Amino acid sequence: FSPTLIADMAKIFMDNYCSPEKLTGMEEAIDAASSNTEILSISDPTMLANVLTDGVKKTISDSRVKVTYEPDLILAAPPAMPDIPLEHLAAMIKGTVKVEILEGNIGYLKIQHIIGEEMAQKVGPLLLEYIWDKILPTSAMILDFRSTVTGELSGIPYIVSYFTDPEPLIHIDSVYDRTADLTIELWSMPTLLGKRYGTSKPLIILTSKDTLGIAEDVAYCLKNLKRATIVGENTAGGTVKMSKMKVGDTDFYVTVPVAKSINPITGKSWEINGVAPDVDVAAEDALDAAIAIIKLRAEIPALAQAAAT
């Protein structure tokens, strides 16, 4: 063990935590913890991990930060792979989406995985006809994120851009990564492969309590941009990036949020609390409600013109 252990955990935490400005008093609690003889009296490594974990809680107020003792932890490395041609990547993407026109000429696109910039640029031309051209002529659009739990940050501009004006460029999100000490800015793209959907047609996004990750960010941003109505349940409240980090040559690990979104409109984030629906309904009922909203609103102009004269 040693007191060295505490010092080395602390450095990993301090060097990587996404919000260093909130760490007043931390260096001091580290010093105290290193000389706390009750801590020094712990021989059980799992008890040591639990104690340090609760100690940081009563110091930092962030429930995502944890120390664990994990002997026998092996992380599954990415699998070995031959060349995968673009046509087979396109077939894999087809398997993660459901594209449909629902009665009423309403576009439906269920997206299980938000694809990243590389994939979108390289395989997108192979999917234009299959996904996008099918739903382009619809009068309204429903994006179904109710079961979306994975995705890439770099895909966000590709979704938002199709639903917004080319000009002015929109600053969609700003993400800070503490480990890289870098801010990543996400902007709309004035030129796209496909045609824009326009700004007039209704866009509704369906959400569930399971909706997690980049999908929460897409919905949050389109909501704050006043482009989309959110229908369903409050989303899960994920984190842009967690890292689980080994402490030296020891079996202790520090788990820390290392990146965060700082929304250009709200100043806040989708993270932790998730995104609140505009129309709150059970997730199983979200699709029916979205359809009903779109249908009613489309009826309004004709109603008005009959009443006016």
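Start at 1 and count along the sequence shown; that's the residue number.
Enquirer: Tell me which of 259 to 267 and 240 to 248 has the higher mean C-alpha B-factor in the deposited entry.
Expert: Here the higher of the two C-alpha B-factor means belongs to 240 to 248.
Enquirer: Please compare 104 to 112 with 215 to 223 and say which has the higher mean C-alpha temperature factor in the record.
Expert: It is 104 to 112 that shows the higher mean C-alpha B-factor.
Enquirer: Which is it among 164, 200, 154, 148: the one with the largest CA B-factor in the entry?
Expert: It is 200.
Enquirer: By the entry's C-alpha temperature factors, tell me which of 77, 170, 175, 143 sits highest.
Expert: Largest recorded C-alpha B-factor: 77.
Enquirer: Which third of the chain holds residue 274 when residues are ordered by C-alpha B factor: lowest, middle or highest?
Expert: Lowest third, going by the recorded CA B-factors of the chain.
Enquirer: Sorting the chain's modelled residues by C-alpha B-factor, tell me whether residue 185 ends up in the lowest, middle or highest third.
Expert: Lowest third, going by the recorded CA B-factors of the chain.
Enquirer: Lowest, middle or highest third: where is residue 137 by Cα B-factor in its chain?
Expert: Highest third - that is where residue 137 ends up once the chain's C-alpha B-factors are sorted.
Enquirer: Using the B-factors in the PDB entry, rank residue 71's C-alpha atom against the chain and give the third, lowest, middle or highest.
Expert: Ranked within chain, residue 71 CA B lands in the highest tercile.
Enquirer: Compare the C-alpha B factor of residue 129 with those of the other modelled residues in its chain, then answer lowest, middle or highest third.
Expert: It falls in the top third of the chain.
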